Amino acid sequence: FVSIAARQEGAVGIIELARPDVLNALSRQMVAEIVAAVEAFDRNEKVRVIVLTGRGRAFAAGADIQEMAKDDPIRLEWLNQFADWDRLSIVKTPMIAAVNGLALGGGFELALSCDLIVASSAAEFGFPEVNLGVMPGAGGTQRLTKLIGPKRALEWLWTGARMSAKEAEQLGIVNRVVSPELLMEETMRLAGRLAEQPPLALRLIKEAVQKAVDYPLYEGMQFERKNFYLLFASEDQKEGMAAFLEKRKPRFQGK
C-alpha cells in the first residue's frame, strides 16, 4: 500500500489514510487501497473491530478536481468506481470511524459507511459536491437521508454547508465527540471493549440491523430470528450463559 498504513493493536485492526499532503483525498486509487485493506482485516478472524482514521488534520476529503474533470458519462459508466464503495457496504466485521478532522464529500461517505463514528472537535462533515455542479455518488444522499430525514438532508445536500461534530451527534450521525488529543485513545478503548464481546453476536446483530434499515418489519424480524437460532450453535453462547450463572466475566472466542 502506498496511500494507507495498516496496523494491529490486540484484536483491533487500524487503517490510517496516509496522504495528509492532499488531505487524504479519496481518489479511485485511495478507495481501492482502503477496500483491499478493509477486506483483508474482515477476513482475519483475529480482528474483531476495524477502525478507520486519517493522518494529519483531515479524516478524508473527496476526489480532487483534476481527477473528476477527466470524467464524462460513458467513461464513468465503464469505470464503475462505486462498485468499490458497495464492497465497503458489505463488510461484516464491526467498523468504527475515528474522524480526526475534515470529512467532506467522499470523506463523509466513508465515515457513514462505518457502523459507529467517534469524532474529534476538529471534525466537520459535509457534501460540497453540489458547489462543483455535481453531487455525492457514493451513498451520501442515501445514508444521510435515512439518518436524518429528507427535510434536513436536502438542506445539507443542496447547500454544501459543513456540519459540526456537535450537530452531527445531536442528529444521531456521530456517537460521541471528544477533544482532538483524546480521539484515538477513546476510540481504541471503545473498540477494545467491543472486541471483548461475542464476535458472532456482534456480526449477526450488525447483519440484522442492516436489514432493519431496508426491510419491512415483518421480514426483518424473519431474518433476525434466523440469526438468533444460529447463535445457539456457537460455543460462545454456552460460555456466555455459564459465565452469567457463575457470576464471572465471559471469555468469548468467536466460535
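The numbering used is simple: start at 1 and walk along the sequence shown.
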Can you tell me whether 44 to 52 has a higher mean C-alpha B factor than 222 to 230 in this record, or the other way round? 44 to 52
Please work out which of 32 to 40 and 61 to 69 has the higher mean CA B-factor as recorded in the PDB entry. 61 to 69
Go through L157, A138, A168, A83 one by one and give the residue whose Cα B-factor in the PDB entry is largest. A168
Selection from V178, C114, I173, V130 [criterion: highest C-alpha temperature factor in the record]: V178
What third of its chain's C-alpha B-factors does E196 belong to: lowest, middle or highest? middle
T187: which third of its chain by C-alpha temperature factor? lowest
Chain-relative CA temperature factor third for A161: middle
Binned into thirds over the chain's modelled residues, the C-alpha B-factor of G101 lands in the highest
Lowest, middle or highest third: which one holds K238 when the chain's residues are ordered by CA B-factor from the entry? lowest
